[PDB]
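Structure, as structure tokens:
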Amino acid sequence: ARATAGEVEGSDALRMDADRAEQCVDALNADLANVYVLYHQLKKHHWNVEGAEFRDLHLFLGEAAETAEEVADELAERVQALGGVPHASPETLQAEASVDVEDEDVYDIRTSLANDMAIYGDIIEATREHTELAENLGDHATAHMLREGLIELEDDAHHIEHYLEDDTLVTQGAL
Amino acid sequence: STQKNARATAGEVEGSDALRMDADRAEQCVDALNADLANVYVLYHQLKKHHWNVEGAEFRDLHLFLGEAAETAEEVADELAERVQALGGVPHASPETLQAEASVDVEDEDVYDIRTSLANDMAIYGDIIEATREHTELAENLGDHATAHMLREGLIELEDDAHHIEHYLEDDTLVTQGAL
Amino acid sequence: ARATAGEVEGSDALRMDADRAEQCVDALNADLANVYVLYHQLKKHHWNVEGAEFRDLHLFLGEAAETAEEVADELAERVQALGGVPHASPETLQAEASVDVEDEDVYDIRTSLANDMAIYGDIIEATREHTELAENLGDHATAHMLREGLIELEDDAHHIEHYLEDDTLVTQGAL
Amino acid sequence: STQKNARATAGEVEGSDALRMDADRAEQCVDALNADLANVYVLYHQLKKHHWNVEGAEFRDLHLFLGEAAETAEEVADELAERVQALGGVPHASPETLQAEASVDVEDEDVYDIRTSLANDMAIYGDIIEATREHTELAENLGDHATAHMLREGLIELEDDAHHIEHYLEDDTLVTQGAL
Amino acid sequence: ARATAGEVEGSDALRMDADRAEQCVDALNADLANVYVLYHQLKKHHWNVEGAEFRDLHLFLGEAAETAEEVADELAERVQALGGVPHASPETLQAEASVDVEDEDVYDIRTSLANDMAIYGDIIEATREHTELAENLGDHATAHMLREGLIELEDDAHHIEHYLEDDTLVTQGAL
Amino acid sequence: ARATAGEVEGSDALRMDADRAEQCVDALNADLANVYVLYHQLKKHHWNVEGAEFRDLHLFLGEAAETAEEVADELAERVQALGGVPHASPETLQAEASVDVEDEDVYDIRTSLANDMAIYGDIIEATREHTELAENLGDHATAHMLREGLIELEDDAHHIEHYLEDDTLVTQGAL
Amino acid sequence: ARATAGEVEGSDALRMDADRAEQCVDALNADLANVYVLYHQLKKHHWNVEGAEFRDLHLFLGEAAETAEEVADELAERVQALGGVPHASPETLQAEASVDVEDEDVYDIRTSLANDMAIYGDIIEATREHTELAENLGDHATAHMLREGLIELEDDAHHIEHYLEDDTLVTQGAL
Amino acid sequence: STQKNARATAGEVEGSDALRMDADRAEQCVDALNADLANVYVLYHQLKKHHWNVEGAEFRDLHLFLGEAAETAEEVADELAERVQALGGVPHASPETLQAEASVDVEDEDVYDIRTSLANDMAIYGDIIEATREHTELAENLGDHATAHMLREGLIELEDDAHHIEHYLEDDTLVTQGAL
Amino acid sequence: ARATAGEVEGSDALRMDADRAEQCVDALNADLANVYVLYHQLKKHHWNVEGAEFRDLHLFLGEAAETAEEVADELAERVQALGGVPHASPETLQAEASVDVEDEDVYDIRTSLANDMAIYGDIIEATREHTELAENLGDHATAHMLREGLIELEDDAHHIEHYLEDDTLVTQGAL
Amino acid sequence: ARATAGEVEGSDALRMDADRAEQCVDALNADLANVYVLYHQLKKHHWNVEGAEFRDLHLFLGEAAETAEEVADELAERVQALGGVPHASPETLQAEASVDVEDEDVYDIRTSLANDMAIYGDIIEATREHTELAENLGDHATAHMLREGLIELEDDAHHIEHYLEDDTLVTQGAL
Amino acid sequence: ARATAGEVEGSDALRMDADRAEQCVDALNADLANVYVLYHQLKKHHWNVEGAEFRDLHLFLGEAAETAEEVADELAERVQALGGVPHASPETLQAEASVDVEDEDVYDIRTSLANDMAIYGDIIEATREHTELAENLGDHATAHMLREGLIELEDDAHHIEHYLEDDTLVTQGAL
Ligand SMILES: [Fe+3]
Ligand SMILES: [Fe+3]
Ligand SMILES: [Fe+3]
Ligand SMILES: [Fe+3]
Ligand SMILES: [Fe+3]
Ligand SMILES: [Fe+3]
Ligand SMILES: [Fe+3]
Ligand SMILES: [Fe+3]
Ligand SMILES: [Fe+3]
Ligand SMILES: [Fe+3]
Ligand SMILES: [Fe+3]
Ligand SMILES: [Fe+3]
Ligand SMILES: [Fe+3]
Ligand SMILES: [Fe+3]
Ligand SMILES: [Fe+3]
Ligand SMILES: [Fe+3]
Ligand SMILES: [Fe+3]
Ligand SMILES: [Fe+3]
Ligand SMILES: [Fe+3]
Ligand SMILES: [Fe+3]
Ligand SMILES: [Fe+3]
Ligand SMILES: [Fe+3]
Ligand SMILES: [Fe+3]
Ligand SMILES: [Fe+3]
Ligand SMILES: [Fe+3]
Ligand SMILES: [Fe+3]
Ligand SMILES: [Fe+3]
Ligand SMILES: [Fe+3]
Ligand SMILES: [Fe+3]
Ligand SMILES: [Fe+3]
Ligand SMILES: [Fe+3]
Ligand SMILES: [Fe+3]
Ligand SMILES: [Fe+3]
Ligand SMILES: [Fe+3]
Ligand SMILES: [Fe+3]
Ligand SMILES: [Fe+3]
Ligand SMILES: [Fe+3]
Ligand SMILES: [Fe+3]
Ligand SMILES: [Fe+3]
Ligand SMILES: [Fe+3]
Ligand SMILES: [Fe+3]
Ligand SMILES: [Fe+3]
Ligand SMILES: [Fe+3]
Ligand SMILES: [Fe+3]
Ligand SMILES: [Fe+3]
Ligand SMILES: [Fe+3]
Ligand SMILES: [Fe+3]
Ligand SMILES: [Fe+3]
Ligand SMILES: [Fe+3]
Ligand SMILES: [Fe+3]
Ligand SMILES: [Fe+3]
Ligand SMILES: [Fe+3]
Ligand SMILES: [Fe+3]
Ligand SMILES: [Fe+3]
Ligand SMILES: [Fe+3]
Ligand SMILES: [Fe+3]
Ligand SMILES: [Fe+3]
Ligand SMILES: [Fe+3]
Ligand SMILES: [Fe+3]
Ligand SMILES: [Fe+3]
Ligand SMILES: [Fe+3]
Ligand SMILES: [Fe+3]
Ligand SMILES: [Fe+3]
Ligand SMILES: [Fe+3]
Ligand SMILES: [Fe+3]
Ligand SMILES: [Fe+3]
Ligand SMILES: [Fe+3]
Ligand SMILES: [Fe+3]
Ligand SMILES: [Fe+3]
Ligand SMILES: [Fe+3]
Ligand SMILES: [Fe+3]
Ligand SMILES: [Fe+3]
Ligand SMILES: [Fe+3]
Ligand SMILES: [Fe+3]
Ligand SMILES: [Fe+3]
Ligand SMILES: [Fe+3]
Ligand SMILES: [Fe+3]
Ligand SMILES: [Fe+3]
Ligand SMILES: [Fe+3]
Ligand SMILES: [Fe+3]
Ligand SMILES: [Fe+3]
Ligand SMILES: [Fe+3]
Ligand SMILES: [Fe+3]
Ligand SMILES: [Fe+3]
Ligand code: NA
Ligand code: NA
Ligand code: NA
Ligand code: NA
């Protein structure tokens, strides 16, 4: 094997010592797992959503899934850049993830959306801390990246929050 | 023969020498295809109708969806009509002929709520979907792989639009009695 | 001061005398103010809208706001072309506007939308008259412009009207 | 509470559970942001004004520049307004409220030469630029990195437009007394 | 010869009788000549302009020339559509043109621009009348076209007018 | 729970009875799992690949990963269309997958590529059978889809096979 | 030499044994030759066509030539993928081609077009059989490819057939 | 000199210091180029004429072709005019001057069949093509490689449009006495 | 037969007499054949290349093949323009070609590339002479074309030369 | 002389006093020089690289050079904005640069790449400090810019580091 | 070292002997240096230009700088192609450049522009000779390239010449 899961040789090219590096690699790899299960959950809801606002949510969730995948790729590559070994197998990703994943059953859209909002929140708070950890460790590049992705994650979470709000054009009459 | 006016007569299927397709095999497809052309074209006009009329809370979402569905139907219809003409046949053309030759249920000129309308279109899709599955077999069997391939390509599209209508009708929503 | 608010020197290049000009400039400047408050109101609703049809309306209202801004730019520039001085400050724009603007509180989406439909209607009727005024004054260019913008304004108003209609996919069951 | 009309009241800041931002921290930002939203929006209208009126030899060059500057201001304003609403606040909306709440100097409805106008805008930019530098610190300190990041992103744009106006006003030119 | 310059057979396809037609064809062909000399003059100034605002005017005049050519094409094709024979040779075009063309000498930019503004004005006034003539003759298509082109011509004329205005960033100091 | 993992209600819209449907849904869902672990493995190699042909493989593996994701989306959506419930969680996906996934260690590029070629092969053979199963069950749509995706999968597998072939421009001299 | 013309090692990556493979490789390589002479003939007619419908045919034949080249590339690469060795030299291509190629003289357009229609027909019939051969050998990828190209070839042949039909806008009068 | 109105006088060629081209060498090119500018510009107007008038069975095909040809001529003309002005000369400008200075045959304002017209344009192309071949030599010889290069670049385009007209006039067609 | 291979009627439209013409047509037609066999050889290597730098060369050779085809089209059309008859059949093209074409066997990439470099060289030298022949015959258009194509051919030959140079990132260590 | 190298008048428009300004301008101008020599070195390697991975590195180094140029432009313009005078002549740039530039000889790709990695490292560390210096001086704009560019520089350095790693697809066998 | 500054091994691929080659490589390398200092000077003026026509010149000079960089890249790569070693370090480039570079002080725009016009002129004359040298040495490719770049350089120089001309829209009145 060229590398062993868990090891963090740092990077000479990036002038990042394995000491500072390991701190980020541990933070980043934690997020990679959470974002990737988020990815798979958003896909799930993307595939299953039904109802009156089905097509609108179908496209929204699709985009959200895509954003998650891009964010995940950014993390995984930043880890590998810092000399680490990013989580890879689906099994490892879920194991390492600290958020709540739904059992293989299919729930109504409000429940599902509500569950995703929950995953977003955890990832959003974990990420805010990691950017500080990065700015403090002097790793401005990683900090910058995290913010760039954070901005996207927060917009998707806020959208889910608006979908769940208590308003509508539907009137008891039209029912 | 050497004294007629029309270049071709509705119903006739001369086959094609270029495509190495004899009028015998050809006529079988041309009859299948022309049957579909009529159904898809009335489907086209119905989807347009609903496209123009849809109102309500999910109006804009459906307006765009139905528009796309109408477009797909028109493209599928064009593919059929041109495959017929390629096989030496004469594709149905006038609006009158198209509806007459169509075996699906078209709505009277009145305007119904969106669930009814959508439900009616799902019905038309189903008939076209089943008719098409058979026609592709008929084509693969007649050795006409090109026509078979085309039908599948279009079938895949038709099925996705029907499945979408099915999801619009499902019993779920973000709307809560509270928000009402 | 190169020009004074209220003055209309007309235009030699456009072969438009200050006499005919002032009639249009007064019509146009009246609309500019109405459209610009319309712009800010649409923005407001754009920012605040929440609920089940939130994202759909968010995008719609955004576009509507954009259209209003473009129409406003067209008016302001036609005014300045005809030798006039287009209203500019936010204060002047609201003052000069004859439509009803909402107080700084946030209302449900049906109320808001209903208020905008009201603003559209006034602008739509005012504009129909102004195009006649323009065709009559022989100013075909201004007339043409107004129609071009009118067509857009009417489509956005009609959309709001469809959002408010009494129909929906939502069923008492799904509730 | 369970008997009001408005969904929200100007001035109130409920914070955000989704963004894990408590109304305590939030209100500090929402007050900073809303202050800027007003300044940027009057800046927007002033830049438009100059965009519409500018005349002269460098007219077309400035016409395009000011147009872009106006656009940037509008985008920055949208970012602020939406960040406020995200943090549970209520962004200023009416033209009347925006000017009232704005702390910068707006020109009376008369039209001045381009150097005066430009000079006035440079003044508005400066105030917004200094106010913004402080607000980003306020945000980084309050632990709200997202809002901080946004402010910097917009700050970078605002500073480039202000610096351009500064170069337009500099004392140089290709024009020579001869050519006059 | 398939057709003779001066003849106007009208159009059966467009349901336009040679009687009504000839009235438009005479109006249109008059403009075609004016716009085409305008085209060549704008080109001339495009090629020759020099100075401090040279590149800015170079691009502007180029665009103006292009617009004129497009407007000319529209006229010529509308004429041919109405059964007429559009002026073609450079010689015929200038002869038939009623505007003032500069002798082959090169003048300063203010003089040139001033001359073009003059040509625009004549074309602008001639066109305003022709659209009425067209709407009255019931030929809405031709009327519509003329307005569409008129709008463009007026914007280019107004630009020239702003270039000539008495303002600048240049200060006696900087001189 | 709107649906239960394992259940296949078929589809009235698609005129597909739960009897025929379940046969496909079981075939498709089996593939979905294999393709999704393939996706994660290709990503892994995408992130880790190093060496002389690193950038070339980095881009290739990235595209391969993307194709796998698209194929997976097609499967999952065809399943849901046929009334089934597509596998979703990373945990479920790996569990349900019948191919060999690498432990979290990082191996040289030849080993990794060799392992992926292995996964492709199994998916390629399983897919060939499933298309027959589909054509036989009269489900031409699903059959067609499978072929469309099969064509892509085979090209990516064949590319990996060419990377592993025994040829190169490198000469003992240049070493 | 790395490979010998005629040999077909099959493909481990594509899980295709040299036994099944050779059957396709022989079919495909036969077509590659026919399509490539078709390519060169279409080019020839592309370069030489003259007359009233010259430009229309010039563009059409150009496109047809391009399609043929793309189809040829697809075949050649599928052959090489299946472990075979695609025909390459112009000499080998014509030798191996079973269709009728024109001697280096230039004929009228109807004759030429008529000759190409002949080449298309042979390629069209040969291809219909090869797709069956492929579906039967279980090689769905190759089958799919052939159909995709077949669809294009048939459209170009049908176009040539329409060019040769007995109709026209030309009237004895206009002559 | 220090009391004239025109910035330049038609006929004068001050050369160019920036381009290191003396009025002596320059005038030779400017005379060659300006001669072509006139021919190409009448060619432009003739191609437009035929573009507007062409009718018949191959009407749309020729309509587009002639339009493109007209466009190419205009671009070539612009290149010449600007190369002249670059070399210190004064390019012909008025429609009157352009035709006067042109040495090719322009049609009277009557409309002829397409074969005649096309035949006339082929004639204009030929003269411009031969004149241009010489001018490129004149330019390479005068050491003005830039002008030479330009002329070739344009020559290549002009020759392709002339050759197309030649193919339209060739004696072949798909039309058969039968179909007549 | 509208024309006979070998005949060169020149061109009245291009004011090129059959005397001068035949000299170019003989030069050009000689090149057309060489470039077209070059085209087929580059394709061959394009299809077969394998190894570590396989994908990089696959794309490079593909582009090279495309350039050759474009150059060939330019020649063939210039010949036909000058009243000649361009070589067309694959058989004729190879026969008329004076360069060395590989037998249908497949060689390692260094050998193949080395062979193409050889073909480029001959075409490059032949072309340099033909441009002089053209400038001398007063045919500047043909000369210009040849240079334009020559520039492209030389860049592709120089690229092959760099691929063969004795350098690499590969180290005995990494082996 | 409008300004003198070394002088820093600050900026009234940016509300930046010459006191604070000079601190940044000295930091930025130091970097501008380093990045610009980096630019020229990357170009050099871009032009000279040869070997098996030549084209891959040719494109990579080209992009890297481009990024460096953009970063340099950002610095130079930020300096000029802050009232300073950015280094300009090639002579001044190298003189003012604190990194190691290669003598005009050409070295193997590993040596060259290794040298650039060295330059990146110094620029990366210098930049990390300058962003702090900027955030501290209250100049958030300059700080933000530096991070944005830093992120890019680090990715290019990390790429060079991966090219130098000890792995490859090449096998002693293939040699 | 793989190569030594000053050496010119020519090129076997391009069939260019080191004898002929060295003549071009010496001409080209001389230009590369002049164009690259031109690049840096245009950048300088790009960054510093202020005044009324500031933005217009800012964009113009930016484009000019870009053109210079592209021309420089073309030279450097042609040199390396011909077996030479292109100048690389900023220090070497200025040293080898024969044109006048401004000291690090900032001058008014007319002075600066005037200085650049001077650099253009020298490069323009040097280039005209080098193309002849190339056509004569039989190196048509290099000759062609030089002309292509020459055409661009001359247009940028001519633009600077128009900026400096004695004309303007500014009037003593407006002052
Ligand atoms: Fe994705
Ligand atoms: Fe994706
Ligand atoms: Fe990636
Ligand atoms: Fe990235
Ligand atoms: Fe690494
Ligand atoms: Fe970003
Ligand atoms: Fe509607
Ligand atoms: Fe359509
Ligand atoms: Fe369509
Ligand atoms: Fe069609
Ligand atoms: Fe079709
Ligand atoms: Fe037919
Ligand atoms: Fe398809
Ligand atoms: Fe919102
Ligand atoms: Fe907007
Ligand atoms: Fe505007
Ligand atoms: Fe406008
Ligand atoms: Fe004005
Ligand atoms: Fe419009
Ligand atoms: Fe304006
Ligand atoms: Fe906008
Ligand atoms: Fe906007
Ligand atoms: Fe917005
Ligand atoms: Fe936003
Ligand atoms: Fe909210
Ligand atoms: Fe950004
Ligand atoms: Fe000029
Ligand atoms: Fe034009
Ligand atoms: Fe036209
Ligand atoms: Fe038109
Ligand atoms: Fe007509
Ligand atoms: Fe229009
Ligand atoms: Fe249910
Ligand atoms: Fe990587
Ligand atoms: Fe993806
Ligand atoms: Fe999907
Ligand atoms: Fe899908
Ligand atoms: Fe679904
Ligand atoms: Fe989908
Ligand atoms: Fe479903
Ligand atoms: Fe497909
Ligand atoms: Fe397909
Ligand atoms: Fe092997
Ligand atoms: Fe091609
Ligand atoms: Fe091609
Ligand atoms: Fe290929
Ligand atoms: Fe392919
Ligand atoms: Fe192989
Ligand atoms: Fe396809
Ligand atoms: Fe016409
Ligand atoms: Fe044009
Ligand atoms: Fe043009
Ligand atoms: Fe021009
Ligand atoms: Fe030009
Ligand atoms: Fe001049
Ligand atoms: Fe060119
Ligand atoms: Fe003949
Ligand atoms: Fe291959
Ligand atoms: Fe090609
Ligand atoms: Fe061609
Ligand atoms: Fe060509
Ligand atoms: Fe030809
Ligand atoms: Fe061609
Ligand atoms: Fe010919
Ligand atoms: Fe070219
Ligand atoms: Fe060229
Ligand atoms: Fe060597
Ligand atoms: Fe000063
Ligand atoms: Fe190179
Ligand atoms: Fe660059
Ligand atoms: Fe810049
Ligand atoms: Fe910048
Ligand atoms: Fe600056
Ligand atoms: Fe810039
Ligand atoms: Fe400054
Ligand atoms: Fe950015
Ligand atoms: Fe950013
Ligand atoms: Fe290592
Ligand atoms: Fe650049
Ligand atoms: Fe660049
Ligand atoms: Fe390069
Ligand atoms: Fe190049
Ligand atoms: Fe080399
Ligand atoms: Fe070129
Ligand atoms: Na709803
Ligand atoms: Na390698
Ligand atoms: Na015809
Ligand atoms: Na000025």
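Order determines the names: the first chain of the structure tokens is A, the second B, and so forth; residues in each chain are numbered 1 upward, and ligands are numbered 1 upward as they are shown.
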
Could you list, as number ranges by chain, every residue within 9 Å of residue 39 (chain K), counting only C-alpha atoms and ignoring same-chain residues fewer than 6 positions away? K: 64-69, 72

Legend entry - Secondary structure check, alpha helix (DSSP H) residues of region 50-162 of chain I, as a VMD selection string: chain I and resid 54 to 81 90 to 96 109 to 136 140 to 162

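Rounded to one decimal, CA of residue 11 (chain E) and CA of residue 54 (chain H) lie 15.7 Å from each other.
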
May I ask you to extract the residues of chain E within 10 Å of chain D, using only C-alpha atoms, and to give them as an mmCIF file with C-alpha atoms, in the first residue's frame?
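What landed in selection.cif:
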```cif
data_model
loop_
_atom_site.group_PDB
_atom_site.id
_atom_site.type_symbol
_atom_site.label_atom_id
_atom_site.label_comp_id
_atom_site.auth_asym_id
_atom_site.auth_seq_id
_atom_site.Cartn_x
_atom_site.Cartn_y
_atom_site.Cartn_z
ATOM 1 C CA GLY E 51 -7.284 62.388 -31.625
ATOM 2 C CA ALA E 52 -7.818 61.760 -27.935
ATOM 3 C CA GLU E 53 -11.315 60.274 -28.200
ATOM 4 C CA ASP E 56 -14.086 55.535 -28.656
ATOM 5 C CA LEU E 57 -15.454 57.248 -31.807
ATOM 6 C CA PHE E 60 -19.065 54.114 -32.233
ATOM 7 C CA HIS E 159 -25.219 59.874 -29.349
ATOM 8 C CA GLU E 161 -25.430 65.043 -30.118
ATOM 9 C CA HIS E 162 -23.897 64.088 -26.764
ATOM 10 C CA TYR E 163 -20.426 63.899 -28.243
ATOM 11 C CA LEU E 164 -20.814 67.489 -29.394
ATOM 12 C CA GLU E 165 -22.171 68.828 -26.086
ATOM 13 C CA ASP E 166 -20.078 71.342 -24.176
ATOM 14 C CA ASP E 167 -18.610 69.321 -21.317
ATOM 15 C CA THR E 168 -15.493 67.313 -20.572
ATOM 16 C CA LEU E 169 -13.274 65.944 -17.845
ATOM 17 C CA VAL E 170 -10.340 67.870 -19.306
ATOM 18 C CA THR E 171 -9.295 70.835 -17.187
ATOM 19 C CA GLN E 172 -7.178 73.831 -18.148
ATOM 20 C CA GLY E 173 -4.823 72.542 -15.484
ATOM 21 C CA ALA E 174 -4.216 69.142 -17.092
ATOM 22 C CA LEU E 175 -3.608 70.915 -20.429
#
```

TODO: Please write out the residues within 7 Å of ligand 53 as an MDAnalysis selection string, counting only C-alpha atoms and all ligand atoms.
DONE: (chainID E and resid 46:47 62) or (chainID H and resid 78)

At a cut-off of 7 Å, list the chain C residues touching chain E, using only C-alpha atoms, as a PyMOL selection string. chain C and resi 13-15+141

Could you list, as a PDB file with N, CA and C atoms, in the first residue's frame, all protein and nucleic acid residues with an atom at most 10 Å from ligand 13, counting only C-alpha atoms and all ligand atoms?
```pdb
ATOM      1  N   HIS B 149     -35.474   0.800 -33.023  1.00  0.00           N
ATOM      2  CA  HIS B 149     -34.618   1.695 -32.255  1.00  0.00           C
ATOM      3  C   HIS B 149     -35.269   3.065 -32.035  1.00  0.00           C
ATOM      4  N   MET B 150     -35.792   3.652 -33.098  1.00  0.00           N
ATOM      5  CA  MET B 150     -36.447   4.938 -32.987  1.00  0.00           C
ATOM      6  C   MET B 150     -37.560   4.872 -31.943  1.00  0.00           C
ATOM      7  N   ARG B 152     -38.079   2.946 -29.430  1.00  0.00           N
ATOM      8  CA  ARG B 152     -37.576   2.870 -28.066  1.00  0.00           C
ATOM      9  C   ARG B 152     -37.118   4.241 -27.595  1.00  0.00           C
ATOM     10  N   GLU B 153     -36.333   4.920 -28.426  1.00  0.00           N
ATOM     11  CA  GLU B 153     -35.818   6.248 -28.104  1.00  0.00           C
ATOM     12  C   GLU B 153     -36.949   7.181 -27.733  1.00  0.00           C
ATOM     13  N   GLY B 154     -38.042   7.123 -28.481  1.00  0.00           N
ATOM     14  CA  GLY B 154     -39.172   7.984 -28.180  1.00  0.00           C
ATOM     15  C   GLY B 154     -39.950   7.468 -26.987  1.00  0.00           C
ATOM     16  N   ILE B 156     -38.862   5.983 -24.365  1.00  0.00           N
ATOM     17  CA  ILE B 156     -38.178   6.387 -23.152  1.00  0.00           C
ATOM     18  C   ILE B 156     -38.627   7.782 -22.724  1.00  0.00           C
ATOM     19  N   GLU B 157     -38.774   8.687 -23.686  1.00  0.00           N
ATOM     20  CA  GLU B 157     -39.201  10.053 -23.383  1.00  0.00           C
ATOM     21  C   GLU B 157     -40.657  10.109 -22.923  1.00  0.00           C
TER      22      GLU B 157
ATOM     23  N   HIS F 144     -33.766  -0.541 -23.169  1.00  0.00           N
ATOM     24  CA  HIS F 144     -33.085   0.524 -23.900  1.00  0.00           C
ATOM     25  C   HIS F 144     -32.149   1.326 -23.005  1.00  0.00           C
ATOM     26  N   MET F 145     -32.657   1.746 -21.858  1.00  0.00           N
ATOM     27  CA  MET F 145     -31.845   2.490 -20.916  1.00  0.00           C
ATOM     28  C   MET F 145     -30.575   1.699 -20.597  1.00  0.00           C
ATOM     29  N   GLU F 148     -27.994   1.828 -23.258  1.00  0.00           N
ATOM     30  CA  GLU F 148     -27.413   3.168 -23.340  1.00  0.00           C
ATOM     31  C   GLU F 148     -26.329   3.356 -22.275  1.00  0.00           C
TER      32      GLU F 148
ATOM     33  N   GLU G 148     -26.956   3.237 -33.784  1.00  0.00           N
ATOM     34  CA  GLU G 148     -26.753   4.681 -33.701  1.00  0.00           C
ATOM     35  C   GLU G 148     -26.179   5.225 -34.999  1.00  0.00           C
TER      36      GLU G 148
END
```

In Å and to one decimal, CA of residue 138 (chain C) is distant from CA of residue 77 (chain C) by 18.8 Å
